[PDB]
>>> print(open('protein-v6.cif').read())   # mmCIF, N, CA and C atoms
data_model
#
loop_
_atom_site.label_atom_id
_atom_site.label_comp_id
_atom_site.auth_asym_id
_atom_site.auth_seq_id
_atom_site.Cartn_x
_atom_site.Cartn_y
_atom_site.Cartn_z
N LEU A 2004 56.67 44.01 -1.87
CA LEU A 2004 56.17 43.57 -0.57
C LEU A 2004 54.73 43.09 -0.67
N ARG A 2005 53.91 43.79 -1.45
CA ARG A 2005 52.50 43.44 -1.61
C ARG A 2005 52.35 42.08 -2.29
N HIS A 2006 53.15 41.83 -3.32
CA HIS A 2006 53.05 40.59 -4.08
C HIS A 2006 53.95 39.49 -3.54
N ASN A 2007 54.65 39.74 -2.44
CA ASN A 2007 55.49 38.74 -1.78
C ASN A 2007 56.55 38.20 -2.73
N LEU A 2008 57.41 39.11 -3.18
CA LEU A 2008 58.51 38.80 -4.08
C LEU A 2008 59.83 39.19 -3.42
N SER A 2009 60.91 39.10 -4.19
CA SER A 2009 62.22 39.53 -3.74
C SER A 2009 62.42 41.00 -4.09
N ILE A 2010 63.64 41.51 -3.91
CA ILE A 2010 63.93 42.89 -4.27
C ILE A 2010 63.90 43.08 -5.78
N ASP A 2011 64.18 42.03 -6.55
CA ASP A 2011 64.20 42.11 -8.00
C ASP A 2011 62.96 41.51 -8.65
N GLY A 2012 61.93 41.21 -7.86
CA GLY A 2012 60.69 40.68 -8.39
C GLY A 2012 60.61 39.18 -8.49
N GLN A 2013 61.65 38.46 -8.10
CA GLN A 2013 61.60 37.00 -8.13
C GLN A 2013 60.58 36.50 -7.12
N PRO A 2014 59.68 35.59 -7.50
CA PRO A 2014 58.66 35.12 -6.56
C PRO A 2014 59.29 34.42 -5.36
N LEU A 2015 58.73 34.71 -4.19
CA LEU A 2015 59.19 34.10 -2.95
C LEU A 2015 58.62 32.71 -2.73
N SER A 2016 57.59 32.33 -3.48
CA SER A 2016 57.01 31.00 -3.40
C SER A 2016 57.08 30.36 -4.78
N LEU A 2017 57.64 29.16 -4.84
CA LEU A 2017 57.80 28.44 -6.10
C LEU A 2017 56.44 28.05 -6.66
N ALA A 2018 56.20 28.41 -7.91
CA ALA A 2018 54.96 28.08 -8.59
C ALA A 2018 54.82 26.57 -8.75
N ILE A 2019 53.62 26.08 -8.49
CA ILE A 2019 53.33 24.67 -8.59
C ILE A 2019 53.41 24.24 -10.05
N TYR A 2020 53.87 23.02 -10.28
CA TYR A 2020 54.06 22.49 -11.63
C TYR A 2020 52.75 22.27 -12.37
N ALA A 2021 51.68 21.90 -11.65
CA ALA A 2021 50.37 21.62 -12.24
C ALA A 2021 50.49 20.54 -13.33
N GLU A 2022 50.84 19.35 -12.87
CA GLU A 2022 51.04 18.22 -13.77
C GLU A 2022 49.76 17.94 -14.55
N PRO A 2023 49.83 17.82 -15.88
CA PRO A 2023 48.60 17.69 -16.68
C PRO A 2023 47.91 16.34 -16.53
N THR A 2024 46.69 16.25 -17.05
CA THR A 2024 45.89 15.04 -16.98
C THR A 2024 46.39 13.95 -17.93
N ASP A 2025 47.15 14.33 -18.96
CA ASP A 2025 47.77 13.52 -20.03
C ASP A 2025 46.72 12.75 -20.83
N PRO A 2026 47.01 12.42 -22.09
CA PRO A 2026 46.01 11.77 -22.93
C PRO A 2026 45.78 10.32 -22.52
N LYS A 2027 44.78 9.71 -23.16
CA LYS A 2027 44.40 8.33 -22.93
C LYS A 2027 44.40 7.56 -24.24
N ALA A 2028 44.28 6.24 -24.14
CA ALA A 2028 44.29 5.40 -25.33
C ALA A 2028 42.89 5.28 -25.92
N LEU A 2029 42.83 4.75 -27.14
CA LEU A 2029 41.58 4.54 -27.86
C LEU A 2029 41.44 3.07 -28.21
N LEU A 2030 40.20 2.61 -28.36
CA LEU A 2030 39.91 1.21 -28.63
C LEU A 2030 38.85 1.11 -29.72
N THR A 2031 38.88 0.01 -30.47
CA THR A 2031 37.88 -0.29 -31.48
C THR A 2031 37.53 -1.77 -31.38
N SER A 2032 36.36 -2.14 -31.90
CA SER A 2032 35.90 -3.52 -31.83
C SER A 2032 35.26 -3.94 -33.15
N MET A 2033 34.79 -5.19 -33.18
CA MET A 2033 34.22 -5.76 -34.39
C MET A 2033 32.71 -5.53 -34.42
N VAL A 2034 32.14 -5.51 -35.62
CA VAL A 2034 30.71 -5.34 -35.82
C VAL A 2034 30.26 -6.36 -36.86
N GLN A 2035 29.12 -7.00 -36.60
CA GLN A 2035 28.60 -8.06 -37.46
C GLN A 2035 27.23 -7.68 -38.01
N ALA A 2036 26.80 -8.41 -39.04
CA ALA A 2036 25.50 -8.20 -39.68
C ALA A 2036 24.98 -9.56 -40.12
N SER A 2037 23.66 -9.68 -40.24
CA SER A 2037 23.04 -10.94 -40.60
C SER A 2037 22.10 -10.76 -41.79
N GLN A 2038 21.92 -11.83 -42.56
CA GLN A 2038 21.08 -11.81 -43.75
C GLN A 2038 20.38 -13.16 -43.91
N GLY A 2039 19.38 -13.18 -44.79
CA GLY A 2039 18.71 -14.42 -45.11
C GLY A 2039 19.06 -14.92 -46.50
N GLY A 2040 18.42 -16.02 -46.88
CA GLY A 2040 18.65 -16.62 -48.17
C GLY A 2040 17.72 -16.08 -49.24
N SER A 2041 17.93 -16.57 -50.46
CA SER A 2041 17.08 -16.17 -51.57
C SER A 2041 15.94 -17.16 -51.77
N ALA A 2042 14.93 -16.73 -52.51
CA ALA A 2042 13.79 -17.60 -52.78
C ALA A 2042 14.21 -18.77 -53.66
N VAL A 2043 13.76 -19.96 -53.28
CA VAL A 2043 14.10 -21.17 -54.02
C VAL A 2043 13.26 -21.23 -55.29
N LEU A 2044 13.94 -21.26 -56.44
CA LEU A 2044 13.25 -21.35 -57.71
C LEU A 2044 12.90 -22.81 -58.01
N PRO A 2045 11.65 -23.10 -58.37
CA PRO A 2045 11.30 -24.48 -58.74
C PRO A 2045 12.05 -24.92 -59.99
N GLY A 2046 12.96 -25.87 -59.82
CA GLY A 2046 13.78 -26.31 -60.94
C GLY A 2046 12.94 -26.95 -62.03
N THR A 2047 13.07 -26.43 -63.25
CA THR A 2047 12.36 -27.00 -64.38
C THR A 2047 12.88 -28.40 -64.65
N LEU A 2048 12.04 -29.40 -64.39
CA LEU A 2048 12.46 -30.80 -64.51
C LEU A 2048 12.80 -31.13 -65.95
N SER A 2049 14.03 -31.56 -66.18
CA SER A 2049 14.47 -31.98 -67.50
C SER A 2049 14.02 -33.42 -67.74
N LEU A 2050 14.54 -34.04 -68.80
CA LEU A 2050 14.25 -35.43 -69.10
C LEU A 2050 15.39 -36.36 -68.71
N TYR A 2051 16.59 -35.83 -68.46
CA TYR A 2051 17.75 -36.67 -68.20
C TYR A 2051 17.62 -37.37 -66.85
N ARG A 2052 18.59 -38.23 -66.55
CA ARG A 2052 18.56 -39.04 -65.34
C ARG A 2052 19.59 -38.54 -64.33
N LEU B 636 34.76 -6.85 8.81
CA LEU B 636 35.45 -5.81 8.05
C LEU B 636 36.89 -6.18 7.71
N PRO B 637 37.73 -6.65 8.64
CA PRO B 637 39.08 -7.08 8.23
C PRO B 637 39.07 -8.24 7.25
N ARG B 638 38.11 -9.15 7.38
CA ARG B 638 38.00 -10.24 6.41
C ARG B 638 37.71 -9.69 5.02
N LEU B 639 36.79 -8.73 4.92
CA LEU B 639 36.52 -8.09 3.64
C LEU B 639 37.75 -7.38 3.11
N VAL B 640 38.49 -6.70 3.99
CA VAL B 640 39.68 -5.97 3.55
C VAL B 640 40.72 -6.93 2.98
N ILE B 641 40.98 -8.03 3.68
CA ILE B 641 42.00 -8.97 3.22
C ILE B 641 41.54 -9.68 1.95
N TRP B 642 40.24 -9.99 1.85
CA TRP B 642 39.73 -10.60 0.63
C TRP B 642 39.87 -9.64 -0.55
N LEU B 643 39.57 -8.36 -0.33
CA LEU B 643 39.72 -7.38 -1.39
C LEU B 643 41.17 -7.23 -1.81
N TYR B 644 42.09 -7.23 -0.84
CA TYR B 644 43.50 -7.10 -1.18
C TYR B 644 43.99 -8.29 -1.99
N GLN B 645 43.64 -9.51 -1.56
CA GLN B 645 44.08 -10.68 -2.31
C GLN B 645 43.46 -10.72 -3.69
N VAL B 646 42.19 -10.31 -3.81
CA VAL B 646 41.52 -10.29 -5.10
C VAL B 646 42.18 -9.28 -6.03
N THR B 647 42.48 -8.08 -5.51
CA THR B 647 43.12 -7.07 -6.34
C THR B 647 44.52 -7.50 -6.76
N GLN B 648 45.28 -8.11 -5.86
CA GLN B 648 46.61 -8.58 -6.22
C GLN B 648 46.54 -9.64 -7.31
N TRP B 649 45.66 -10.63 -7.15
CA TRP B 649 45.54 -11.68 -8.15
C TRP B 649 45.03 -11.14 -9.48
N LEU B 650 44.09 -10.18 -9.44
CA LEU B 650 43.58 -9.58 -10.66
C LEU B 650 44.65 -8.77 -11.38
N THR B 651 45.46 -8.02 -10.64
CA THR B 651 46.56 -7.29 -11.26
C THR B 651 47.58 -8.25 -11.86
N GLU B 652 47.86 -9.36 -11.18
CA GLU B 652 48.76 -10.36 -11.73
C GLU B 652 48.20 -10.96 -13.01
N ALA B 653 46.90 -11.24 -13.04
CA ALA B 653 46.27 -11.82 -14.22
C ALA B 653 46.05 -10.81 -15.34
N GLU B 654 46.13 -9.52 -15.04
CA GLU B 654 46.00 -8.44 -16.03
C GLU B 654 44.64 -8.51 -16.73
N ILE B 655 43.60 -8.32 -15.93
CA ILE B 655 42.22 -8.32 -16.40
C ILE B 655 41.57 -7.01 -15.97
N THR B 656 40.71 -6.46 -16.83
CA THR B 656 40.02 -5.22 -16.51
C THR B 656 38.86 -5.49 -15.55
N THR B 657 38.04 -4.47 -15.32
CA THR B 657 36.99 -4.52 -14.31
C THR B 657 35.67 -5.07 -14.87
N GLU B 658 35.14 -4.43 -15.92
CA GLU B 658 33.88 -4.91 -16.48
C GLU B 658 34.05 -6.27 -17.14
N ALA B 659 35.21 -6.54 -17.74
CA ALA B 659 35.45 -7.85 -18.32
C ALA B 659 35.44 -8.94 -17.25
N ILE B 660 36.11 -8.70 -16.11
CA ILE B 660 36.08 -9.69 -15.05
C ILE B 660 34.70 -9.79 -14.42
N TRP B 661 33.95 -8.68 -14.38
CA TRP B 661 32.55 -8.74 -13.96
C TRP B 661 31.75 -9.70 -14.83
N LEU B 662 31.86 -9.55 -16.15
CA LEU B 662 31.11 -10.40 -17.07
C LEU B 662 31.57 -11.85 -17.00
N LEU B 663 32.88 -12.07 -16.91
CA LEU B 663 33.42 -13.43 -16.89
C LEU B 663 33.41 -14.06 -15.51
N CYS B 664 32.93 -13.36 -14.49
CA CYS B 664 32.73 -13.96 -13.18
C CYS B 664 31.26 -14.11 -12.80
N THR B 665 30.38 -13.24 -13.29
CA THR B 665 28.98 -13.39 -12.94
C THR B 665 28.27 -14.32 -13.93
N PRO B 666 27.27 -15.07 -13.47
CA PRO B 666 26.53 -15.96 -14.39
C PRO B 666 25.38 -15.26 -15.09
N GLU B 667 25.36 -13.93 -15.06
CA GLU B 667 24.25 -13.17 -15.62
C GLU B 667 24.33 -13.18 -17.15
N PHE B 668 23.40 -12.47 -17.79
CA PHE B 668 23.29 -12.39 -19.24
C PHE B 668 23.32 -10.93 -19.67
N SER B 669 23.41 -10.72 -20.98
CA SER B 669 23.42 -9.36 -21.51
C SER B 669 22.05 -8.69 -21.41
N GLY B 670 20.98 -9.45 -21.61
CA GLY B 670 19.64 -8.90 -21.51
C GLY B 670 18.69 -9.38 -22.59
N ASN B 671 19.22 -9.75 -23.74
CA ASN B 671 18.41 -10.20 -24.87
C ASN B 671 19.27 -11.12 -25.73
N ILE B 672 18.75 -11.48 -26.91
CA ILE B 672 19.47 -12.36 -27.82
C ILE B 672 20.57 -11.57 -28.53
N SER B 673 21.78 -12.11 -28.51
CA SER B 673 22.90 -11.47 -29.17
C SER B 673 22.94 -11.85 -30.65
N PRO B 674 23.60 -11.04 -31.48
CA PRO B 674 23.77 -11.43 -32.89
C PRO B 674 24.48 -12.76 -33.06
N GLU B 675 25.42 -13.09 -32.17
CA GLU B 675 26.06 -14.39 -32.23
C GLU B 675 25.08 -15.52 -31.93
N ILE B 676 24.17 -15.30 -30.98
CA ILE B 676 23.14 -16.30 -30.70
C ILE B 676 22.20 -16.45 -31.89
N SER B 677 21.87 -15.33 -32.55
CA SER B 677 21.04 -15.41 -33.74
C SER B 677 21.74 -16.17 -34.86
N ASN B 678 23.04 -15.95 -35.03
CA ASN B 678 23.81 -16.70 -36.02
C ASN B 678 23.85 -18.18 -35.67
N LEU B 679 23.99 -18.50 -34.38
CA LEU B 679 23.95 -19.89 -33.95
C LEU B 679 22.61 -20.53 -34.30
N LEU B 680 21.51 -19.81 -34.07
CA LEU B 680 20.19 -20.32 -34.44
C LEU B 680 20.10 -20.54 -35.95
N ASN B 681 20.57 -19.57 -36.73
CA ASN B 681 20.45 -19.63 -38.19
C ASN B 681 21.39 -20.66 -38.81
N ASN B 682 22.43 -21.08 -38.09
CA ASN B 682 23.31 -22.13 -38.57
C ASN B 682 23.01 -23.49 -37.94
N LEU B 683 22.16 -23.54 -36.92
CA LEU B 683 21.77 -24.80 -36.30
C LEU B 683 20.45 -25.33 -36.82
N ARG B 684 19.44 -24.47 -36.98
CA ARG B 684 18.16 -24.95 -37.49
C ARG B 684 18.26 -25.58 -38.87
#
>>> encode(input="protein-v6.cif", output="structure tokens")
Amino acid sequence: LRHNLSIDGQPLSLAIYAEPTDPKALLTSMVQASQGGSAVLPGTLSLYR
Amino acid sequence: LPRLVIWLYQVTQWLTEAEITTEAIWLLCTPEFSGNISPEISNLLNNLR
């Protein structure tokens, strides 16, 4: 009587389902980087044409 | 107020039909900028100069 059950202890009020929050999806993206050139070496002038 | 309500409903229906997210449609509808030079803009400079 105190816990509001039946004669055999079965609950008189149906327990709520408590539907979960459920998982979510994941995402990824691209990443870039930048660089410069190398020092220009003075070409040793040959004799050819 | 009803004009705003009907505009919001038509916008949401068309957006759901087009299957576009919120921040993406914000960026692709506003003429604003990110805030500074992007790496892609830097690459454009380094490939244009």
>>> interface_residues(input="protein-v6.cif", of="chain B", to="chain A", cutoff="8 Å", atoms="all atoms listed in the file", output="CSV table (one decimal) with N, CA and C atoms, in the coordinates of the input")
chain,number,residue,atom,x,y,z
B,674,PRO,N,23.6,-11.0,-31.5
B,674,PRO,CA,23.8,-11.4,-32.9
B,674,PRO,C,24.5,-12.8,-33.1
B,675,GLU,N,25.4,-13.1,-32.2
B,675,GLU,CA,26.1,-14.4,-32.2
B,675,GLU,C,25.1,-15.5,-31.9
B,677,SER,N,21.9,-15.3,-32.6
B,677,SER,CA,21.0,-15.4,-33.7
B,677,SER,C,21.7,-16.2,-34.9
B,678,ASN,N,23.0,-16.0,-35.0
B,678,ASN,CA,23.8,-16.7,-36.0
B,678,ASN,C,23.8,-18.2,-35.7
>>> axis_aligned_box(input="protein-v6.cif", around="range 656-661 of chain B", padding_each_side="8 Å", output="lines of an AutoDock Vina configuration file")
center_x = 36.2
center_y = -7.1
center_z = -16.1
size_x = 25.0
size_y = 21.4
size_z = 20.4
>>> atom_distance(input="protein-v6.cif", atom1="atom C of residue 683 in chain B", atom2="atom C of residue 670 in chain B")
21.4 Å
>>> atom_distance(input="protein-v6.cif", atom1="CA of residue 641 in chain B", atom2="CA of residue 664 in chain B")
19.5 Å
>>> atom_distance(input="protein-v6.cif", atom1="CA of residue 2031 in chain A", atom2="atom C of residue 662 in chain B")
19.6 Å
>>> build_atoms(input="protein-v6.cif", residues="range 644-664 of chain B", atoms="N, CA, C and O atoms", output="mmCIF file, in the frame of the given file")
data_model
loop_
_atom_site.group_PDB
_atom_site.id
_atom_site.type_symbol
_atom_site.label_atom_id
_atom_site.label_comp_id
_atom_site.auth_asym_id
_atom_site.auth_seq_id
_atom_site.Cartn_x
_atom_site.Cartn_y
_atom_site.Cartn_z
ATOM 1 N N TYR B 644 42.090 -7.230 -0.840
ATOM 2 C CA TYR B 644 43.500 -7.100 -1.180
ATOM 3 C C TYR B 644 43.990 -8.290 -1.990
ATOM 4 O O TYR B 644 44.682 -8.127 -3.002
ATOM 5 N N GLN B 645 43.640 -9.510 -1.560
ATOM 6 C CA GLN B 645 44.080 -10.680 -2.310
ATOM 7 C C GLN B 645 43.460 -10.720 -3.690
ATOM 8 O O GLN B 645 44.124 -11.072 -4.675
ATOM 9 N N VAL B 646 42.190 -10.310 -3.810
ATOM 10 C CA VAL B 646 41.520 -10.290 -5.100
ATOM 11 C C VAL B 646 42.180 -9.280 -6.030
ATOM 12 O O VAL B 646 42.427 -9.566 -7.202
ATOM 13 N N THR B 647 42.480 -8.080 -5.510
ATOM 14 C CA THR B 647 43.120 -7.070 -6.340
ATOM 15 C C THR B 647 44.520 -7.500 -6.760
ATOM 16 O O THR B 647 44.916 -7.276 -7.914
ATOM 17 N N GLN B 648 45.280 -8.110 -5.860
ATOM 18 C CA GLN B 648 46.610 -8.580 -6.220
ATOM 19 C C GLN B 648 46.540 -9.640 -7.310
ATOM 20 O O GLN B 648 47.277 -9.573 -8.305
ATOM 21 N N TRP B 649 45.660 -10.630 -7.150
ATOM 22 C CA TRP B 649 45.540 -11.680 -8.150
ATOM 23 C C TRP B 649 45.030 -11.140 -9.480
ATOM 24 O O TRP B 649 45.480 -11.567 -10.545
ATOM 25 N N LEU B 650 44.090 -10.180 -9.440
ATOM 26 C CA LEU B 650 43.580 -9.580 -10.660
ATOM 27 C C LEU B 650 44.650 -8.770 -11.380
ATOM 28 O O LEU B 650 44.731 -8.820 -12.612
ATOM 29 N N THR B 651 45.460 -8.020 -10.640
ATOM 30 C CA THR B 651 46.560 -7.290 -11.260
ATOM 31 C C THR B 651 47.580 -8.250 -11.860
ATOM 32 O O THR B 651 48.121 -7.995 -12.947
ATOM 33 N N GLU B 652 47.860 -9.360 -11.180
ATOM 34 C CA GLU B 652 48.760 -10.360 -11.730
ATOM 35 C C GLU B 652 48.200 -10.960 -13.010
ATOM 36 O O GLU B 652 48.940 -11.183 -13.977
ATOM 37 N N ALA B 653 46.900 -11.240 -13.040
ATOM 38 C CA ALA B 653 46.270 -11.820 -14.220
ATOM 39 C C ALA B 653 46.050 -10.810 -15.340
ATOM 40 O O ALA B 653 45.794 -11.223 -16.475
ATOM 41 N N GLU B 654 46.130 -9.520 -15.040
ATOM 42 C CA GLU B 654 46.000 -8.440 -16.030
ATOM 43 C C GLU B 654 44.640 -8.510 -16.730
ATOM 44 O O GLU B 654 44.534 -8.734 -17.941
ATOM 45 N N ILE B 655 43.600 -8.320 -15.930
ATOM 46 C CA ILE B 655 42.220 -8.320 -16.400
ATOM 47 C C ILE B 655 41.570 -7.010 -15.970
ATOM 48 O O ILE B 655 41.848 -6.496 -14.882
ATOM 49 N N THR B 656 40.710 -6.460 -16.830
ATOM 50 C CA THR B 656 40.020 -5.220 -16.510
ATOM 51 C C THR B 656 38.860 -5.490 -15.550
ATOM 52 O O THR B 656 38.695 -6.595 -15.013
ATOM 53 N N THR B 657 38.040 -4.470 -15.320
ATOM 54 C CA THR B 657 36.990 -4.520 -14.310
ATOM 55 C C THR B 657 35.670 -5.070 -14.870
ATOM 56 O O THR B 657 35.133 -6.046 -14.353
ATOM 57 N N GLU B 658 35.140 -4.430 -15.920
ATOM 58 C CA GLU B 658 33.880 -4.910 -16.480
ATOM 59 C C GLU B 658 34.050 -6.270 -17.140
ATOM 60 O O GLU B 658 33.119 -7.092 -17.102
ATOM 61 N N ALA B 659 35.210 -6.540 -17.740
ATOM 62 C CA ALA B 659 35.450 -7.850 -18.320
ATOM 63 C C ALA B 659 35.440 -8.940 -17.250
ATOM 64 O O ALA B 659 34.819 -9.990 -17.431
ATOM 65 N N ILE B 660 36.110 -8.700 -16.110
ATOM 66 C CA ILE B 660 36.080 -9.690 -15.050
ATOM 67 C C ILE B 660 34.700 -9.790 -14.420
ATOM 68 O O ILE B 660 34.290 -10.873 -14.003
ATOM 69 N N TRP B 661 33.950 -8.680 -14.380
ATOM 70 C CA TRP B 661 32.550 -8.740 -13.960
ATOM 71 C C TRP B 661 31.750 -9.700 -14.830
ATOM 72 O O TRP B 661 31.051 -10.586 -14.325
ATOM 73 N N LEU B 662 31.860 -9.550 -16.150
ATOM 74 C CA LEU B 662 31.110 -10.400 -17.070
ATOM 75 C C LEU B 662 31.570 -11.850 -17.000
ATOM 76 O O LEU B 662 30.745 -12.768 -17.006
ATOM 77 N N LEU B 663 32.880 -12.070 -16.910
ATOM 78 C CA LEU B 663 33.420 -13.430 -16.890
ATOM 79 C C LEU B 663 33.410 -14.060 -15.510
ATOM 80 O O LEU B 663 33.876 -15.194 -15.368
ATOM 81 N N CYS B 664 32.930 -13.360 -14.490
ATOM 82 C CA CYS B 664 32.730 -13.960 -13.180
ATOM 83 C C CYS B 664 31.260 -14.110 -12.800
ATOM 84 O O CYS B 664 30.928 -15.043 -12.064
#
